[PDB]
Amino acid sequence: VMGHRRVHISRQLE
Amino acid sequence: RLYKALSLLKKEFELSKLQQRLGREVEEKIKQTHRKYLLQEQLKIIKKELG
Amino acid sequence: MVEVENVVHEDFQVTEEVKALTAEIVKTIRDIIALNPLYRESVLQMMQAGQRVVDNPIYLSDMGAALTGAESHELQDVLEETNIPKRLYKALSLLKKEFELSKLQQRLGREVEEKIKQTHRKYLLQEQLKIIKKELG
Amino acid sequence: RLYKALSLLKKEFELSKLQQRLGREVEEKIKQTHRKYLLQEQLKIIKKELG
Amino acid sequence: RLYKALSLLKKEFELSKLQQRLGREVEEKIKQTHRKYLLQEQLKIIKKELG
Amino acid sequence: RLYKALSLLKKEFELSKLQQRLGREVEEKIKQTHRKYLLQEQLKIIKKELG
Amino acid sequence: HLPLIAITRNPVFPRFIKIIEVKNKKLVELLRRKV
Amino acid sequence: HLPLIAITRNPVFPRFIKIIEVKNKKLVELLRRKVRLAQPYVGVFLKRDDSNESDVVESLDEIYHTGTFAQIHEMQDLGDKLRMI
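Method of determination, as given in the entry header: cryo-EM; reported resolution: 3.8 Å.

So this is what it looks like as structure tokens:
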């Protein structure tokens with residue numbers, strides 16, 4: 001595994 | 001975030017600095033044991049290889 | 001015979017700087033297996049401190065003390081310790097005690113070997129001298 | 001100057017190659033020494049085994 | 001284009017030939033220096049010896 | 001398919017078994033060669049290296 | 001729309017190569033569904 | 001309430017697999033007398049100063065009070081008759 005594209009989903013439950 | 005990463009570097013470095021200094025003092029308190037203990041260790045090393 | 005599971009293991013609630021000493025114990029152990037190769041390194045690869053699968057650090061300190069060459073009575077002395085930092089401190093003192101003898105052995109071997117190279121090498125120079133005069137008349 | 005800088009480089013080249021040829025000749029003479037003893041040592045062992 | 005390549009090869013080989021011959025004559029004119037210089041060198045190398 | 005593969009594993013293993021046994025018996029008939037021939041080989045080895 | 005991975009105590013700092021070795025074998029079926 | 005095992009110069013560090021090989025055959029009889037149990041177990045001790053085989057069977061204080069109980073794994077006996085783990 002590697003860190004390439006960060007993201008912060010507003011709501012993982014949906 | 002750069003300042004928080006710096007302050008985390010200061011705190012973590014103070015922990016590693018105080019840890020290396022405490023460990024150096026513990027090492028010196030083991031070094032307080034006399035050089036006779038080291039030469040006696042060599043004397044048993046001689047006897048261990050005398051057999 | 002009466003018995004009881006006296007597996008004492010007291011430890012403070014705050015577990016942050018108490019693993020800092022673990023970093024030195026694994027590091028010295030790495031250098032004992034690197035400077036004094038006894039066992040295969042693959043078992044060290046299997047257990048790594050950043051996996052957090054070491055649910056029993058005290059067993060890790062016992063496994064690291066197993067590498068120690070200390071006298072059996074000294075192992076009983078490490079078992080006499082009841083405080084956790086104190087037993088860690090004796091296993092560490094035993095590690096340094098093996099480290100001194102070992103590094104003394106290595107320095108003696110590199111010193112004796114270099115003494116042998118110092119012996120023969122100047123003979124190699126004289127070996128050039130006798131030959132050069134042999135064929136120059 | 002170019003002819004002189006090359007003549008210098010050759011002047012260092014002759015002494016260098018002389019030292020290397022000599023050192024290899026010296027080491028082969030060591031091997032011609034000891035190896036024949038290794039044949040004589042094999043002789044001794046085969047004699048010691050039988051005969 | 002073939003014949004041009006053989007002509008160019010003839011030129012380039014004539015140039016390499018004159019370069020090789022001129023160097024063989026310069027090297028011989030540096031070999032006019034006596035062998036006494038070489039043995040004098042080896043005398044000096046005797047003088048500069050660890051031991 | 002498992003039965004045809006099993007019977008073929010049996011028949012091939014019978015081939016390697018009969019071949020090992022014919023070769024073991026033929027080796028036993030070479031083994032019939034007297035030990036004197038072996039010690040005579042060693043005895044020859046001596047004079048082979050005595051010159 | 002894939003199930004959350006079992007990190008199982010494995011930080012992966014950004015732009016830092018890292019290896020994952022979960023103990024459950026169920027994830028290998030997900031691994032064979034992503035090929 | 002078992003006779004003390006004869007370590008016979010065989011340290012067993014904690015959490016480190018080990019083998020034991022006493023020359024005496026009496027322990028094999030003790031191992032065969034514990035095979036029938038549904039939960040076989042064995043103890044592990046260490047020897048005190050001045051080892052003496054004649055005292056280990058005479059007095060029971062030569063072995064340390066400390067013990068490291070553990071379950072038996074499997075017998076081997078490739079060359080010797082008592083190669084317990």
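Enquirer: Got a minute to help me understand the overall build of chain B in this structure?
Expert: Within chain B one finds 2 helices and 0 strands. By the compact-globule yardstick of 10 Å for 51 residues, chain B is too spread out, its C-alpha radius of gyration being 21 Å. The C-alpha extent of chain B, read off along each of the three principal axes, is 65 × 20 × 5 Å. Each of the 51 residues in chain B was classed as buried or not, and the buried ones make up 10%. In the structure as shown, chain B presents an accessible area of about 5,000 Å², 63% of it carried by carbon and sulfur atoms. Distance between charge centres in chain B, computed from 14 positive and 7 negative side chains, equals 3 Å.

Enquirer: Which parts of the structure should I look at to understand helix α1 (residues 26–34) of chain H?
Expert: The α-helix advances 3.6 residues per turn, and as a result positions three or four apart in sequence lie on the same side. Residue and element names in this part refer to chain H. Taken as a whole, α1 has its buried residues at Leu 27, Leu 30, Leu 31 and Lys 34. End-on, the buried residues of α1 take up no more than an arc of 100°, which puts them together on one face. Exposed residues pointing more than 90 degrees away from the buried face of α1 are listed as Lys 26, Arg 32 and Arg 33.

Enquirer: Looking at this model, I keep getting lost on the environment of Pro14(H). Mind explaining?
Expert: Here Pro14(H) shows up in the segment before α1. Between the C-alpha atoms of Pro14(H) and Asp80(H), which are 66 residues apart in sequence, the distance is 25 Å. Setting aside residues no more than four positions away along its own chain, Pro14(H) makes contact with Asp62(C) and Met63(C).

Enquirer: Just to check I follow, could you spell out a positive patch on the surface for this structure?
Expert: Residues and elements named next belong to chain C. On the surface, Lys 103, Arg 107, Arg 110, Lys 117, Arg 121 and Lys 122 cluster together into a positively charged patch. For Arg 121, the location among the structural elements is in helix α5 (residues 84–135). A relative accessible area of 37% means that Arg 121 is categorised as partly exposed.

Enquirer: How should I be thinking about the interface of chain H and chain C in this particular structure?
Expert: Frequently, the measure chosen for interface size is the accessible area removed from exposure when the parts meet. If you look at the interface, chain H gives 11 residues, while chain C gives 11 residues. With both sides pooled, the region where chain H packs onto chain C buries about 1,100 Å², and carbon together with sulfur makes up 67% of that total. If you look at where chain H meets chain C, you find 0 salt bridges. At the junction of chain H with chain C, the criterion picks out 1 residue pair in polar contact. For the side of chain H that touches chain C, the residue count by class is 6 nonpolar, 2 polar and 3 charged.

Enquirer: Looking at this model, I keep getting lost on the interface of chain B and chain C. Mind explaining?
Expert: Taken together, the contacts link 11 residues of chain B with 10 residues of chain C. At the boundary of chain B with chain C, total buried surface from both sides reaches about 930 Å², with 58% on carbon and sulfur atoms. It is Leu15(B), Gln19(B) and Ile30(B) in chain B that bury the most area against chain C; as a group they hold 41% of the surface buried on that side. Those elements that provide at least two residues to the side of chain B that touches chain C are α1 (2–31) and α2 (35–48) of chain B. In terms of residue count, the dominant contributor to the side of chain B that touches chain C is α1(B) (6 residues). A breakdown of the residues in the side of chain B that touches chain C according to their chemical character gives 6 nonpolar, 2 polar and 3 charged.

Enquirer: Quick question: what am I supposed to make of unusual backbone geometry here?
Expert: Residues and elements named next belong to chain H. The phi dihedral of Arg 15 falls on the positive side, at around 50°, and the residue is not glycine. By the element assignment, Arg 15 lies in the segment before α1. Of note, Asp 50 is a non-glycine position whose phi angle comes to about 60°, a positive value. The topology assignment puts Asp 50 in the loop between α1 and α2 (53–58). Owing to a relative accessible area of 62%, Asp 50 belongs among the exposed residues under this scheme.

Enquirer: How should the packing of aromatic side chains be read in this particular structure?
Expert: Aromatic ring pairs: the centre-centre distance and the angle between the two ring planes describe each pair. Counted under the stated rule, the structure contains 3 aromatic pairs over all chains. Seen in terms of ring centroids, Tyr39(C) and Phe16(H) are 5.9 Å apart; in terms of plane orientation they differ by 70°. Their pairing is edge-to-face. A residue pair is termed interchain when its members come from two chains, as with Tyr39(C) in the loop between α1 (20–35) and α2 (42–46) and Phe16(H) in the segment before α1. With relative accessibility at 32%, the residue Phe16(H) sits in the partly exposed group. Relative to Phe16(G), the ring of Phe13(G) has its centre 6.3 Å away and its plane inclined at 90°; by these criteria the two rings are edge-to-face. The class for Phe16(G) is partly exposed, based on a relative accessible area of 44%. In this structure an aromatic cluster arises from ring pairing among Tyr39(C), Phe13(H) and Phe16(H).

Rules used throughout
- Residues numbered from 1 in each chain as written, not as in the entry; some residues may be left out.
- Chains lettered and ligands numbered in written order.
- Part of a larger assembly, values for the part shown.
- Heavy atoms only, no water.
- Helix = DSSP H or I, 4+ residues; strand = E, 2+ residues; numbered from the N terminus.
- Rg over C-alpha atoms; globule rule 2.2 N^0.38 Å.
- Buried < 20%, exposed > 50% of the residue type's maximum accessible area, 1.4 Å probe, protein only.
- Areas by Shrake-Rupley, 256 points an atom, 1.4 Å probe, with all protein chains shown as cover.
- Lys, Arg positive; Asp, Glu negative; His and termini not counted.
- Charge placed at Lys NZ, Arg CZ, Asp CG, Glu CD.
- Arc of directions from axis to C-beta.
- Contact = heavy atoms within 4.5 Å.
- Patch = residues over 30% accessible without salt bridge, like charges linked within 9 Å, V, L, I, M, F, W, Y side chains within 5 Å.
- Salt bridge = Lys/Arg side-chain N within 4 Å of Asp/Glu carboxyl O.
- Buried area = accessible area lost by both parts, 1.4 Å probe.
- Polar contact = N/O pair within 3.5 Å; in protein donor to acceptor, adjacent residues only side chain to side chain.
- Nonpolar A, V, L, I, M, F, W, Y, C, P; charged D, E, K, R; others polar.
- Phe/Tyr/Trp six-rings, centres within 6.5 Å; stacked < 30°, edge-to-face > 60°.

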